[PDB]
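Below: the structure, in structure tokens.
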Amino acid sequence: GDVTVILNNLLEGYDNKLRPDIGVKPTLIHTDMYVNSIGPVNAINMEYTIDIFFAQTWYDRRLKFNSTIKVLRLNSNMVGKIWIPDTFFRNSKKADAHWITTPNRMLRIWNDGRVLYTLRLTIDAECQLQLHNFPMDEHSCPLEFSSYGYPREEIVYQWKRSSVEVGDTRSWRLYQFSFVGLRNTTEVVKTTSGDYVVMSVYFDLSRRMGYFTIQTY
Amino acid sequence: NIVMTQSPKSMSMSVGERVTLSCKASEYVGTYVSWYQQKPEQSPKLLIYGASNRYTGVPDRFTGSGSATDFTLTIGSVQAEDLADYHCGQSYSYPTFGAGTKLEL
Amino acid sequence: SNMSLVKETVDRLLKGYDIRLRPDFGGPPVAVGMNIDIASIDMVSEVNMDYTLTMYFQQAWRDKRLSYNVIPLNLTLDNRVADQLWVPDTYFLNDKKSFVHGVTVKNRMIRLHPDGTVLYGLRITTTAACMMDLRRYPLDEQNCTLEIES
Amino acid sequence: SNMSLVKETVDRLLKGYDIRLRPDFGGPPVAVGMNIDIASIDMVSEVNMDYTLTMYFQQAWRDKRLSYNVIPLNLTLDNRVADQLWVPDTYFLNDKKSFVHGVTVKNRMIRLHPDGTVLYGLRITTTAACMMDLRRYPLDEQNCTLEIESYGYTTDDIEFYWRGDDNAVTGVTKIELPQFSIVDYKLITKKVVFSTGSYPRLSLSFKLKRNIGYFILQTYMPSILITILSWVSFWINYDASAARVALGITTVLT
Amino acid sequence: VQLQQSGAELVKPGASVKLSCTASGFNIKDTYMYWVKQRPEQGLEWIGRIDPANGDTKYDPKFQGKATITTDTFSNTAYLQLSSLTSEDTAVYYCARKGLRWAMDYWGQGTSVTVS
Amino acid sequence: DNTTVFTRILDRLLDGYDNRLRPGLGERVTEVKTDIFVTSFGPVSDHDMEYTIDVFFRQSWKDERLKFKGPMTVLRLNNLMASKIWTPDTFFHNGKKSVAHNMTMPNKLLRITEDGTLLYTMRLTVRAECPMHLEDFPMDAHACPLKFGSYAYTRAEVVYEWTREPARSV
Amino acid sequence: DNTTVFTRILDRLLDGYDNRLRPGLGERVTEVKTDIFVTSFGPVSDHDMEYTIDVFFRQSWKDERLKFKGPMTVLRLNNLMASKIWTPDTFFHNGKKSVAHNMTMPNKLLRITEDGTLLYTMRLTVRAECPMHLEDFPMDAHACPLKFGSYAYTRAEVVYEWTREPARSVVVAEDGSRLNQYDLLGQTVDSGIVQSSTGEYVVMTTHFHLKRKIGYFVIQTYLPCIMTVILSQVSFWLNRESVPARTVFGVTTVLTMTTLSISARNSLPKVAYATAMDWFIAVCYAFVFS
Amino acid sequence: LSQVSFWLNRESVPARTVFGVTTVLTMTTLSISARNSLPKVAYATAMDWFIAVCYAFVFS
Ligand SMILES: *[C@@H]1O[C@H](CO)[C@@H](O[C@@H]2O[C@H](CO)[C@@H](O[C@@H]3O[C@H](CO[C@H]4O[C@H](CO[C@H]5O[C@H](CO)[C@@H](O)[C@H](O)[C@@H]5O[C@H]5O[C@H](CO)[C@@H](O)[C@H](O)[C@@H]5O)[C@@H](O)[C@H](O[C@H]5O[C@H](CO)[C@@H](O)[C@H](O)[C@@H]5O)[C@@H]4O)[C@@H](O)[C@H](O[C@H]4O[C@H](CO)[C@@H](O)[C@H](O)[C@@H]4O[C@H]4O[C@H](CO)[C@@H](O)[C@H](O)[C@@H]4O[C@H]4O[C@H](CO)[C@@H](O)[C@H](O)[C@@H]4O)[C@@H]3O)[C@H](O)[C@H]2NC(C)=O)[C@H](O)[C@H]1NC(C)=O
Ligand SMILES: *[C@@H]1O[C@H](CO)[C@@H](O[C@@H]2O[C@H](CO)[C@@H](O[C@@H]3O[C@H](CO[C@H]4O[C@H](CO)[C@@H](O)[C@H](O)[C@@H]4O)[C@@H](O)[C@H](O[C@H]4O[C@H](CO)[C@@H](O)[C@H](O)[C@@H]4O)[C@@H]3O)[C@H](O)[C@H]2NC(C)=O)[C@H](O)[C@H]1NC(C)=O
Ligand SMILES: *[C@@H]1O[C@H](CO)[C@@H](O[C@@H]2O[C@H](CO)[C@@H](O[C@@H]3O[C@H](CO[C@H]4O[C@H](CO)[C@@H](O)[C@H](O)[C@@H]4O)[C@@H](O)[C@H](O[C@H]4O[C@H](CO)[C@@H](O)[C@H](O)[C@@H]4O)[C@@H]3O)[C@H](O)[C@H]2NC(C)=O)[C@H](O)[C@H]1NC(C)=O
Ligand SMILES: *[C@@H]1O[C@H](CO)[C@@H](O[C@@H]2O[C@H](CO)[C@@H](O)[C@H](O)[C@H]2NC(C)=O)[C@H](O)[C@H]1NC(C)=O
Ligand SMILES: *[C@@H]1O[C@H](CO)[C@@H](O[C@@H]2O[C@H](CO)[C@@H](O)[C@H](O)[C@H]2NC(C)=O)[C@H](O)[C@H]1NC(C)=O
Ligand SMILES: *[C@@H]1O[C@H](CO)[C@@H](O[C@@H]2O[C@H](CO)[C@@H](O)[C@H](O)[C@H]2NC(C)=O)[C@H](O)[C@H]1NC(C)=O
Ligand SMILES: Cc1ccccc1-n1c(C)nc2ccccc2c1=O
Ligand SMILES: Cc1ccccc1-n1c(C)nc2ccccc2c1=O
């Protein structure tokens, strides 16, 4: 009833081509990652698969309303009508969202204009495996993401306190390797376009020498 | 070029009979040969295009056939107004014409 | 407010813009500058006589229609406006199969500058054909290439 | 001008056209006739248990809304107008992956008739599932089919039939499979019952007999010759151990 | 639908001749225009070809240089400029239009050219 | 001319209708009744620890905003009407790469009853992870799961129930 | 404001334009001039009986509704103008799967002349079906066809014609050869008519004549077979008092022949007849057995 | 086949040597092939134990 009125008022006179705070200060985005599973690690292509839920939250003063409703809980219908950060994964050979039965996307807008935006992703992340000491080889290779077109002056990413959460690890598809831990990191990289804030998550994998023993030794 | 050997050089046949003109192509020309009827002191008139396709206004007795290097034009039941020269030409490449074939009675 | 200024500037720039005409449609040619940052070369295959590379393909040109002088900052816009602006029809002649990465959004950038300079980047993966002379294989040297053309 | 007349007629036909509603929405079911011209059956796979066929899939029905009488001839319209008309929601129950060819444009045909008949055509490639019983492989005869059914319209909304009822499918005799030979095909009309209702179904079946010459060349003759070789051992004096054991072991391993 | 050629003309050996072929009922830019030579009691001979929309020309190898073919899109006419005429250039010159699978469907009445 | 009356009914149904809001948002929990008909249980891939399954996925919920009164008790509507109304955003928790078929048209179905009850079915091929424990291989038995639920809606907003007895709902 | 006048021209050009109707819908037959430039002749898949080809497909026709007058004689327009006008719906009859490339933009081209002539060029890759007869394999030659024409427009409505002399209308680039195992001897074109169940359609045909190169099969099959035959016959010169040695010779030669026979077929499709290579291998096996 | 070697007389040394060698090579090839069909799990299956015991019998 009156949630339709709130939504219509939010979108009227709204330009989703412009990031919030276009000419004031960089947009700060807090990122969370839930790792459903770390897929097979094929050394032939030097890549590994990972399925995650990727949450992003930021402030948009244009999405500010006053009502008894404190949070607007929406599906993917309205995702394309507001400004969304153009986050991409830098070391990904290929990746895809999920679209069955509908786009696996979520949008929540709070009273004060805070926006939460979550989507489900499967990623084939490139990492170069130095295969010295194989099959007694241990690797810790990353998953990096940043904004494509917004330099550090425009978008800054920030890990939350409990940003990266893993599941059980018992149902994962790691055969040659065992997950032993992870860590997050931030830095700035220089490119022909400008300086970009680059966020990194490192997964520590140690090969388990049980298949190759009975297969070769 | 492509040489179109047209035979016979000449032919006579009475009124009412069936005749078959033949045209031989040196190389391959596909179905790109046309037949022309040239009455005395007149310009040629297209009869058959493609290889078997009667041009508009062409009676139904004229009919062409053939593909590749071998082609033929059969005039079934020739009349008295079918006395003329008959040229075969290929348009697969830059056009070349056969030497011609004169039709008497 | 600077937000209102930017909004009105962009609205004015996009009003009456004819995407069907290149910049300087009747005048001299528009000069497009090319930049390439090669992220990786993935699979040099002798069987398929090709290879796969991923690159940040960037193009730059002047478009006097998209010029503004009311604000002093370079306007990075949401990459959906690329569908409303003229961009060059660059293609790779020898590529067998290519795509622009699309996670989490279409990986392309569009940046305007006050003097009209547009900056248009794309993250592209191309499988490019490369005929390999294997007479001296495996003691061979291969010369592949990417052909960029309008 | 004639073209302006046609443009006015088509703009009239498409004004007020409700694409949500099938022809005769509240009335008798709309009858739809099916034609197939089979262009090829590409790759009958035993490992994937499925074959690929390419065909020209034609559908015909009548829509009284799309009836015109000012123009005397049949209007062939640009295929993109099919997005603005009602078409049946036909689908193939057993297909795994399929597409409409899209070069140079989408390979679909729309052709109207003054009485309102619509001829709708598609060039489709379906990878239909083909469960095969290999108990007699390679002396086996396989029977897999293509099931054509309407997804959303029950049997009281839509009716399927074969236009011709014996010539609705053409091109079967011209199909050349390297490993099989089309021995027989049949057309069937059924009604299938689901929990959501009962739906019209058409089945096109093929009876494939597998050619054996390849297998004679590949696996049967070599083993026969290897057995003859094995028998050669009995002509060698039984004082020689290395020779006969060599024969036997080599034959087993081969 | 109609191709009108210039009337006959007598010239002297070594001179030059510029024949004319006026197209009525169609635009020469839409098709190729052909020039064919017929000596008495002989077969037809392709002289050359022109594409009026582009202006490019192709000639028979045994006529290259001797003949020049040009058009005028404005007047819808084609020209054949013969040079260095010899006694063997006496023939009837035809102007033809390409159409329907390169069949030379329409022909001009022909110009009788004789050199004394 | 039933065409015009039914067009009017549909236009009135879609007038002032907001598909961004679930039915009964203000004062209710949306209850979606689900049902699966497996047309083919595809091959199991040991190497990828996954299996393929083709299903008719049926969902049913009540939308009071879609009540109508006309000559027909049920509107067997086209598959494109569904885009204009709110539908549940069900997804497969352990799905890897699923496809919705649109040959020759979207393999979807929408039936609106006069009381506002909706039926919504779609044809899918689902590829799902089946974690296998190969200690007894090749004498091993497995239970391959298929978990689905609502993205973006918590149990306080959308709940799922089987349309028939649970033992007869798949 | 040259852009403004050109925008006004384009807007006047598309005003009251129905791209659903072909030019000369009820009063004339549309004639589409066609031209193909082959930038590369992809590999030939013997197993699948198909071949890949990359081309520039050029189509030109006359649309009288698009006449204009301005400071230009041609309008070189962005390829999204083609979607706003009528274009022919050409398709490849024996095409298995083709792709119209659109990186980084739709690889398309549209030139409008002031008299209303259009030039419409596309870059596209075609996988086409090439039926093969392997009775003379590996010494066989084939003519792989490429057939295209109009979908949904019969001979009475749209006809196709080569833009230039038929013998010059299909041009292959000098360096554009991706053939590993074959040799492209030349190309041939033709035009014809096919009667379908929906009417009579014009079809344009191209034939590419390919000769297989025997070298690979010489080195990989013929030399091993001749060598094994020679090795089997070398056992004759051994002394008769060495039974194990001659037995080993015979058995190992037979095993090598069996391995070679299994290997040879693996490259060819599973045809139901014997090729020349099959006869050669059979005779070599017969000699070893003898 | 490996156990058949016990019935050959003690004088036919190369015969029994060939039996043993070829049986061991066959067992190794079978082990590789049977491990090919499976995911590269890090533990041993029942088939692995059966193959190992057969390999042990041939070696013995
Ligand atoms: C060269 O050519 C290539 C081929 O042409 C070309 O690739 C094509 O690119 C375009 C542009 O990116 C793609 O079109 C987009 O597709 C997005 C979805 O992408 C995923 O899904 C598609 C299939 O899409 C179907 O399914 C989704 C969800 O299931 C639907 O949303 C779609 O409409 C569509 O549904 C139809 O088909 C279904 C069957 O599949 C039917 O069941 C259904 O009923 C419909 O009939 C896949 O193909 C994609 O895979 C490909 O792309 C990925 C990219 O990573 C690759 O990895 C992969 O390998 C494949 O290549 C992918 O999986 C759409 O979301 C998108 O449409 C939205 O955006 C546009 C622009 O913003 C809007 O105009 C549009 O309206 C949509 O926005 C609405 O919906 C979103 C939903 O989230 C809302 O958020 C948004 O707010 C908005 O809502 C509004 O409208 C709604 C109605 O639409 C309404 O409900 C709301 O209430 C509100 O009003 C766009 O269509 C196209 O798929 C590609 N095709 C292929 C084959 O890849 C390539 O780019 C070209 N290259 C170059 C350089 O040019
Ligand atoms: C390849 O594989 C497919 C799939 O199995 C086969 O398709 C089957 O084809 C047969 C005949 O070709 C079908 O059998 C037909 O059923 C019809 C409907 O049956 C009704 O009536 C019977 C009693 O007669 C009831 O038991 C049944 O429930 C239905 O109520 C019959 O009408 C058909 O004709 C019968 O009756 C007439 C009466 O005049 C007799 O003349 C006939 O001889 C016959 O007795 C026929 O019986 C069968 O249904 C199809 N399968 C399926 C699943 O539907 C292909 O045949 C097979 N081969 C090839 C080459 O494709
Ligand atoms: C699975 O199968 C279904 C069944 O066909 C497909 O659904 C079709 O999808 C196409 C692609 O989006 C739809 O075509 C679209 O039509 C839209 C509206 O067209 C009407 O309305 C506009 C006014 O807005 C009129 O101009 C027009 O004349 C029509 O009356 C357009 O919005 C779309 O245009 C888009 O692309 C064009 C390309 O030139 C651009 O010009 C536009 O800017 C825009 O980007 C498009 O034309 C079609 O309508 C759908 N079917 C039905 C029945 O509606 C699915 O797409 C398919 N899915 C997959 C993954 O294959
Ligand atoms: C993930 O990133 C966050 C933010 O950088 C890290 O949080 C810090 O953790 C250290 C302990 O290692 C504390 O001393 C800091 O106070 C934390 N900062 C904030 C802002 O919370 C976190 O450590 C990272 N996770 C790792 C390294 O596993
Ligand atoms: C907007 O972008 C321009 C360049 O696109 C910036 O000016 C250039 O900055 C680079 C890097 O410092 C210099 O090497 C160039 O010499 C500068 N000038 C030109 C013409 O490229 C400019 O600073 C940017 N504006 C803002 C506010 O950052
Ligand atoms: C429009 O299509 C119909 C259907 O093919 C044509 O009617 C056919 O006409 C031919 C020759 O006149 C007859 O042999 C067929 O029997 C007719 N078919 C039917 C179903 O009656 C009709 O002629 C076409 N329109 C025009 C103007 O030709
Ligand atoms: C799948 C999963 C695993 C561990 C923890 C949480 C979830 N999980 C679930 C169970 N449901 C969701 C619904 C909407 C958006 C995200 C989630 C989600 O991440
Ligand atoms: C050894 C070698 C290298 C390249 C090409 C062919 C061969 N080659 C030869 C030369 N002789 C054989 C005899 C029997 C079985 C196999 C081969 C073989 O492979």
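Cβ sites come from the backbone with ideal geometry, for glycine too, and all protein chains shown count toward neighbours. Every read-out reported here was derived from the displayed coordinates using simple, explicitly stated rules and does not represent laboratory data.
Key figures for this structure:
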read-out: Count of residues meeting criterion [over 29 Å from F:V55 (Cβ atoms) and surrounded by fewer than 20 Cβ atoms within 10 Å (Cβ to Cβ)] in the stretch D:88-110; value: 1
read-out: So A:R183, is it away from ligand 2 (no atom under 16 Å from the Cβ), away from every other protein chain (no Cβ under 14 Å) and on the phi < 0 side of the Ramachandran plot; value: yes
read-out: Single residue of the stretch B:89-105 satisfying the filter (in a strand (DSSP E or B) and either under 17 Å from E:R97 (Cα atoms) or without any contact (Cβ under 8 Å) to a residue 40 or more places away in the chain (or both)) that is farthest from the other protein chains (Cβ to nearest Cβ); value: B:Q90
read-out: Residue count for the stretch A:54-113, restricted to those that are hydroxyl-bearing (S, T, Y), farther than 27 Å from C:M3 by Cβ and within 14 Å of ligand 1 (Cβ to nearest atom); value: 3
read-out: The lone exception for G:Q220 - which of (1) in a helix (DSSP H, G or I); (2) crowded, with 19+ Cβ neighbours inside 10 Å; (3) not aromatic (F, W, Y) it fails; value: (2)
read-out: Residue that is farthest from C:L112 (Cα to Cα) [pool: residues in the stretch C:61-102 that are more than 14 Å from chain G (Cβ to nearest Cβ) and in a strand (DSSP E or B)]; value: C:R62
read-out: Filter result for D:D156 (more than 11 Å from chain G (Cβ to nearest Cβ) and not basic (K, R)); value: yes
read-out: Given (1) of a type outside the set (V, I, T); (2) over 19 Å from C:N79 (Cβ atoms); (3) within 14 Å of chain A (Cβ to nearest Cβ); (4) in contact with a strand residue (DSSP E or B) (Cβ under 7 Å, 6 or more places away or on another chain), index of the condition C:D50 fails; value: (3)
read-out: Residues satisfying the stated conditions in the stretch D:103-129, i.e. in contact (Cβ under 8 Å) with a residue 12 or more places away in the chain and part of a loop (DSSP other than H, G, I, E, B); value: D:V105, D:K106, D:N107, D:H113, D:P114, D:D115, D:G116
read-out: G:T52 vs. criteria surrounded by 19 or more Cβ atoms within 10 Å (Cβ to Cβ), in a loop (DSSP other than H, G, I, E, B) and more than 13 Å from chain D (Cβ to nearest Cβ); value: no
read-out: Counted residues, the stretch A:1-45 - those being outside any loop (DSSP other than H, G, I, E, B) and among the acidic types (D, E); value: 2
read-out: The stretch G:179-218 - residue that is of a type outside the set (A, V, I, L, M) and under 12 Å from the mean Cα position of the chain (by Cα) and, of those, farthest from G:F56 (Cα to Cα); value: G:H209
read-out: Any hit, the stretch C:33-47, residues being surrounded by 17 or more Cβ atoms within 10 Å (Cβ to Cβ), more than 11 Å from every other protein chain (Cβ to nearest Cβ) and closer than 24 Å to A:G194 by Cα; value: no
read-out: Candidate set from the stretch F:73-122 (those that are without any contact (Cβ under 8 Å) to a residue 12 or more places away in the chain and assigned to a loop (DSSP other than H, G, I, E, B)); member that is nearest to D:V87 (Cα to Cα); value: F:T104
read-out: Criterion (within 14 Å of chain C (Cβ to nearest Cβ), of a type in the set (S, T, N, Q) and away from ligand 8 (no atom under 16 Å from the Cβ)) met by exactly one of A:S171, A:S206, A:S146, A:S163; value: A:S146
read-out: Residue within the stretch F:76-88 that is within 12 Å of chain A (Cβ to nearest Cβ) and within 16 Å of ligand 7 (Cβ to nearest atom) present; value: yes
read-out: Strands (runs of 3 or more DSSP E) completely within the stretch A:67-120 that count 3 or more residues being under 21 Å from A:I52 (Cα atoms), more than 16 Å from ligand 3 (Cβ to nearest atom) and more than 8 Å from chain F (Cβ to nearest Cβ); value: A:87-89, A:92-97
read-out: Unmet criterion (only one of (1) farther than 27 Å from E:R39 by Cα; (2) surrounded by fewer than 17 Cβ atoms within 10 Å (Cβ to Cβ)) for B:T31; value: (2)
read-out: Residue, surrounded by the fewest Cβ atoms within 10 Å (Cβ to Cβ), within the stretch F:5-35, restricted to residues that are among the β-branched types (V, I, T) and more than 9 Å from every other protein chain (Cβ to nearest Cβ); value: F:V29
read-out: Filter pass, F:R123 being of a type in the set (D, E, K, R), closer than 24 Å to F:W61 by Cβ, away from ligand 2 (no atom under 16 Å from the Cβ) and more than 13 Å from chain A (Cβ to nearest Cβ); value: no
read-out: Residues of the stretch G:220-257 satisfying the condition of being closer than 30 Å to G:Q181 by Cα, among the β-branched types (V, I, T) and without any contact (Cβ under 8 Å) to a residue 12 or more places away in the chain; value: G:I230
read-out: Selection status of F:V44, assigned to a strand (DSSP E or B), buried (at least 20 other Cβ atoms within 10 Å of the Cβ) and not small (G, A, S); value: no
read-out: Qualifying residue in the stretch C:8-30 (condition: over 26 Å from G:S83 (Cβ atoms), in a loop (DSSP other than H, G, I, E, B), out of contact with any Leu (no Cβ under 8 Å at 6 or more places or on another chain) and not polar (S, T, N, Q)); value: yes
read-out: Residue satisfying all of: in the stretch G:235-263; farther than 20 Å from D:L253 by Cβ and small (G, A, S); nearest to the other protein chains (Cβ to nearest Cβ) among these; value: G:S242
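Yes or no, residue by residue, for (1) among the polar types (S, T, N, Q); (2) surrounded by 17 or more Cβ atoms within 10 Å (Cβ to Cβ); (3) more than 30 Å from E:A53 (Cβ to Cβ):
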site	(1), (2), (3)
G:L146	no, yes, no
G:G149	no, yes, no
G:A156	no, no, no
G:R168	no, no, no
G:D190	no, yes, no
G:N239	yes, no, yes
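A quick yes/no check of all residues on (1) within 10 Å of chain D (Cβ to nearest Cβ); (2) hydroxyl-bearing (S, T, Y); (3) more than 23 Å from D:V100 (Cβ to Cβ); (4) in contact with a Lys or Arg (Cβ under 6 Å, 6 or more places away or on another chain):
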{"site": "G:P71", "(1), (2), (3), (4)": "no, no, yes, no"}
{"site": "G:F91", "(1), (2), (3), (4)": "yes, no, no, no"}
{"site": "G:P131", "(1), (2), (3), (4)": "yes, no, yes, no"}
{"site": "G:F137", "(1), (2), (3), (4)": "no, no, yes, no"}
